[PDB]
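Written out below as structure tokens is the structure these notes cover.
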Amino acid sequence: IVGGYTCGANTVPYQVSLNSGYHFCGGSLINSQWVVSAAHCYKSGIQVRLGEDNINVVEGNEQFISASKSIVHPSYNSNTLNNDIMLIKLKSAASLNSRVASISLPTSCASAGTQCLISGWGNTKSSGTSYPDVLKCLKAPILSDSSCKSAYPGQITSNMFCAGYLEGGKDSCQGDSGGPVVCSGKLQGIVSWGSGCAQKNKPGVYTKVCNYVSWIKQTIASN
Ligand SMILES: N=C(N)c1ccc2[nH]c(Cc3nc4ccccc4[nH]3)nc2c1
Ligand SMILES: [Ca+2]
Ligand SMILES: [Mg+2]
Ligand SMILES: [Zn+2]
């Protein structure tokens, strides 16, 4: 996250860190047994870490649970990143408490202008590499589809939306990938892609979760 701030320990209780020997992507806990992340974060051998703040220090509120199965969206296109969403089932149910809670799925899609909270342990430099150990947060509004499409001609589908600042300076970045974009108490986006990080007229692009609610509900109920 570039131009963001330290969230504070466990202030984003539905945020998960996907670990395969090191942190490589974020995710969102949707109920005690399932996590939603981005399909471009797919790997074999994932351990989900809940209740984290500093990912390099066991502070006491963590739960490390391995994944039993991963399901990448049936129509995910790795070349365009269209349908960039994946579901991960935990081997054991997590214990939900104040530090570990699930986030709600949306009943409708959000309007441009709505302010959201994006979080992650991804890179914090636009020009450089500085990876933080504690969770970073960023409040950003959803941008109109017009400004999103003008920035990326022929690359935005109806399953994506842009959020951010056209002036540059504030954005999510690699490592934040798969993480949550919460607006009005609902998970509305998943950190997906962008052009570099925090560049002018290159806002972040997010998977539009409101278009996948039936798929998510149907898939978790049958697995
Ligand atoms: N500017 C953005 N809003 C942005 C978000 C996410 C992202 N993701 C990548 C590529 C990317 N994602 C990953 C995940 C894990 C290892 C490497 C890696 N590279 N660029 C970006 C850019
Ligand atoms: Ca920790
Ligand atoms: Mg994240
Ligand atoms: Zn990524």
Side-chain angles (χ1 to χ4, degrees), residues 1-8 11-16 25-30 36-38 40-41 80-85 101-127 132 134-213 216:
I1 298 286
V2 186
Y5 60 91
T6 301
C7 306
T11 49
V12 191
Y14 51 83
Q15 170 84 231
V16 318
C25 277
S28 293
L29 184 67
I30 49 171
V36 56
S37 186
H40 76 272
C41 287
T80 56
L81 288 223
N82 185 31
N83 302 299
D84 187 19
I85 179 173
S102 45
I103 181 62
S104 310
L105 288 187
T107 39
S108 46
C109 302
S111 338
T114 302
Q115 290 286 326
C116 308
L117 178 64
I118 310 174
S119 49
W121 289 276
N123 189 15
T124 57
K125 297 285 169 286
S126 359
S127 312
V134 296
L135 198 65
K136 297 298 183 165
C137 280
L138 171 68
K139 283 177 171 66
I142 294 181
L143 305 174
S144 63
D145 286 300
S146 39
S147 54
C148 186
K149 290 172 173 173
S150 299
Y152 303 101
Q155 301 184 281
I156 305 302
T157 61
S158 46
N159 300 315
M160 310 168 180
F161 69 82
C162 288
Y165 298 92
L166 292 183
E167 40 273 293
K170 289 158 250 68
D171 191 10
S172 54
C173 193
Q174 41 185 60
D176 291 326
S177 313
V181 179
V182 174
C183 329
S184 307
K186 314 292 164 168
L187 177 66
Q188 292 282 187
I190 297 177
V191 181
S192 186
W193 58 281
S195 187
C197 303
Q199 294 298 298
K200 180 184 177 179
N201 293 307
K202 291 296 181 186
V205 188
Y206 305 87
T207 302
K208 194 178 190 181
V209 183
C210 61
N211 289 355
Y212 304 94
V213 177
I216 292 171

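Counting from 1, the numbers follow the sequence of the chain as shown.
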Heavy-atom distance under 4.5 Å between the side chains of [X] and [Y], does that happen here?
X: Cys148; Y: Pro203; answer: no
X: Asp84; Y: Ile190; answer: no
X: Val205; Y: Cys162; answer: yes
X: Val36; Y: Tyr212; answer: no
X: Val209; Y: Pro106; answer: yes
X: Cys137; Y: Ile1; answer: no
X: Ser172; Y: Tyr206; answer: yes

Check your understanding: When you measure from the side chain of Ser192 to the backbone N and O of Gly178, does any donor-acceptor pair fall under 3.5 Å?
Key ->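 No, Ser192 side chain to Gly178 backbone: no donor-acceptor pair under 3.5 Å.
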Review point. Quick check: does any side chain N or O of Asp171 sit under 3.5 Å from a backbone N or O of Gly164, one acting as donor and the other as acceptor?
Key: no
Point to revise | From CA spacing to verdict: side chain to side chain contact (heavy atoms under 4.5 Å, CB included), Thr124, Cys173 | key: CA-CA 7 Å; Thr124 57; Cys173 193; over 6 Å; no
Point to revise | Qualifying residues under side chain to side chain contact (heavy atoms under 4.5 Å, CB included), relative to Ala110, sequence neighbours excluded | key: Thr114, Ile142, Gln188
Review point. Of all residues at least two apart in sequence or in a different chain, which pass the side chain to side chain contact (heavy atoms under 4.5 Å, CB included) check with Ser104?
Key: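 In terms of side chain to side chain contact (heavy atoms under 4.5 Å, CB included), with neighbours along the sequence ignored, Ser104 is linked to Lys186.
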Review point. Which of these, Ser28, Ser102, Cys210, sits in a side-chain contact (heavy atoms from CB on, under 4.5 Å) with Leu187?
Key: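 That would be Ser28; it is the only one of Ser28, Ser102, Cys210 passing the side-chain contact (heavy atoms from CB on, under 4.5 Å) with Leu187.
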Check your understanding: Only one of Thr6, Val12, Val2 forms a side-chain contact (heavy atoms from CB on, under 4.5 Å) with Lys136, so which one is it?
Key -> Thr6
Rounded to the nearest 0.5 Å, how far apart are [atom1] of [X] and [atom2] of [Y]?
X: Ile156; Y: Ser147; atom1: CD1; atom2: OG; value: 10.0 Å
X: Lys149; Y: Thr157; atom1: NZ; atom2: OG1; value: 9.0 Å
X: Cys7; Y: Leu117; atom1: SG; atom2: CG; value: 6.5 Å
X: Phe161; Y: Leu143; atom1: CZ; atom2: CG; value: 9.5 Å
X: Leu135; Y: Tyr5; atom1: CG; atom2: OH; value: 9.5 Å
X: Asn211; Y: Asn159; atom1: CG; atom2: CG; value: 5.0 Å

Exercise for review: Decide side chain to side chain contact (heavy atoms under 4.5 Å, CB included) for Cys197 and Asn123; before the verdict, give the C-alpha distance in whole Å, the side-chain angles of both, and the deciding distance to 0.1 Å.
Suggested key: CA-CA 9 Å; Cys197 303; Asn123 189 15; 5.5 Å; no
Where [X] and [Y] come nearest, the two heavy atoms and their spacing:
X: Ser126; Y: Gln199; answer: CB-NE2, 4.0 Å
X: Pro141; Y: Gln115; answer: CB-NE2, 3.3 Å
X: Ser158; Y: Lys208; answer: O-CD, 3.2 Å
X: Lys170; Y: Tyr165; answer: CB-CD1, 3.6 Å
X: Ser177; Y: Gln174; answer: OG-CA, 4.0 Å

Exercise for review: Could you walk me through whether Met160 and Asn82 pass the side chain to side chain contact (heavy atoms under 4.5 Å, CB included) test, one step at a time?
Suggested key: CA-CA 8 Å; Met160 310 168 180; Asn82 185 31; 4.2 Å; yes
Practice item. Would you check, one step at a time, whether the test side chain to side chain contact (heavy atoms under 4.5 Å, CB included) holds for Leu138 with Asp176? Key: CA-CA 11 Å; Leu138 171 68; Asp176 291 326; over 6 Å; no
